[PDB]
Structure formats: structure tokens, C-alpha cells
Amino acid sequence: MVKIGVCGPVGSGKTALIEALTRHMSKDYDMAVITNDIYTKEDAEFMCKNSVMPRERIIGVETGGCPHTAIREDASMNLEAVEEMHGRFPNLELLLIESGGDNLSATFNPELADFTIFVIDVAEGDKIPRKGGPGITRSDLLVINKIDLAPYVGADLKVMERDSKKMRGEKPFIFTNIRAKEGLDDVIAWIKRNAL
């Protein structure tokens, strides 16, 4: 019933975040995933196994090579899958919708997503959050991930926190290492509080 979209660049940890999220939360919550990030048939599988979910709880939806349109101005097939997921699960309280990988201008249509989580990572640059796209400013929650890579790429996390707080105002953001489950509890806390 409550829809939360997850977008961000390719390789930023959108999938890792959704897998680690359902691993924790699916125990206490009725939930499912729709995902646009798929090419090969062996993609949708790997997400089911890693997330400890039954296959009926994950639907892949192709974008025609237009991942921005698919979540934004014509969300039609994603919206069709949402209505499908409601047919399968009448008690569904939480639905995670993952984009096909994108850039800082990525947004969700309000018809598709009730809340939005944008995911970037430290190795893309520390000057990313000041570039200021709608993914940085508009999203209900920003996630900065792979903080463990910081000293190896020369990424200044004070800079990133400074610039992020400036851009989002009082809109929350969370530093993260998903492999180490680090900050993962913060994200989970946010979803319970905000989206309920």
C-alpha cells in the first residue's frame, strides 16, 4: 500500500540496499519489490535469493531503454505491475520500486511512488551532492553509500555532509556501508517513522 521508489546511478548500491532491507524487514512486514534494473533472465533470480524472498514477491519490468520515462511521465507498465502486486497481496503494506539506473535528474511520478530514496556512492565524487539535481534536492531520503571506500578514493565526508545538509535543508540523509550493515538501521528507522 505504501510505495517507496529507489533510484540512483548504476553501481551505487540500489539493489544491495533493497536486498538488505527485505532481509531485515520482510519478517515483520508484508512487502514486495518491482524492479526496472534487469537485462538477463538471471538478474531477477539473483535478487530473490539474496533478498530471501519468494519469486512471486518480485516483478521485473522492462523500460524499452527509457528508464527515466518508465518511472516519470509515462509510468504505465510500472503502474500496471503495481495493480498486479495488489492483486497478489491484498494485505500488502510496503512496496519497493527500483529504477533501471539513472542520473541526478531522476524522479518518480507521484502516482507511482509515495516516497523516494535516492542512492549515490562515495567513489562517484564528493562534489556530487553540490551538483544539486532533483535526485539530491527532491528525494525524501538521500543515501550516501560505500563510505569504506573513502580513504582509498580521497573522499572528504565532512564536505559531503556539509553540502548535503545545505541542499536538502531539513530533509534527512544517511551515511552508509551496506556490506557492513552500517547505517542500515538508520534507513530502516526512517521508513518505519516517515512512510510508516
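Sequential numbering from 1, following the sequence displayed.
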Which of 125-133 and 145-153 has higher mean CA B factor, as the PDB entry lists it = 145-153
ask   = If you average the Cα B factors in the entry, which is higher, 92-100 or 77-85?
value = 92-100
ask   = Among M167, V33, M160, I38, which residue carries the highest C-alpha B-factor recorded in the PDB entry?
value = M160
query = Considering only modelled residues of the same chain, in which third does the CA B-factor of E56 rank: lowest, middle or highest?
reply = middle
remark   = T63: CA temperature factor from the record, placed by chain third, in the lowest
request  = Relative to the other modelled residues of the same chain, rank the CA B-factor of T69 and answer lowest, middle or highest third.
outcome  = lowest
note = Assert third(CA B-factor, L196) within chain per record equals highest
query = Taking the entry's C-alpha B-factors for this chain, is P9 in the lowest, middle or highest third?
reply = lowest
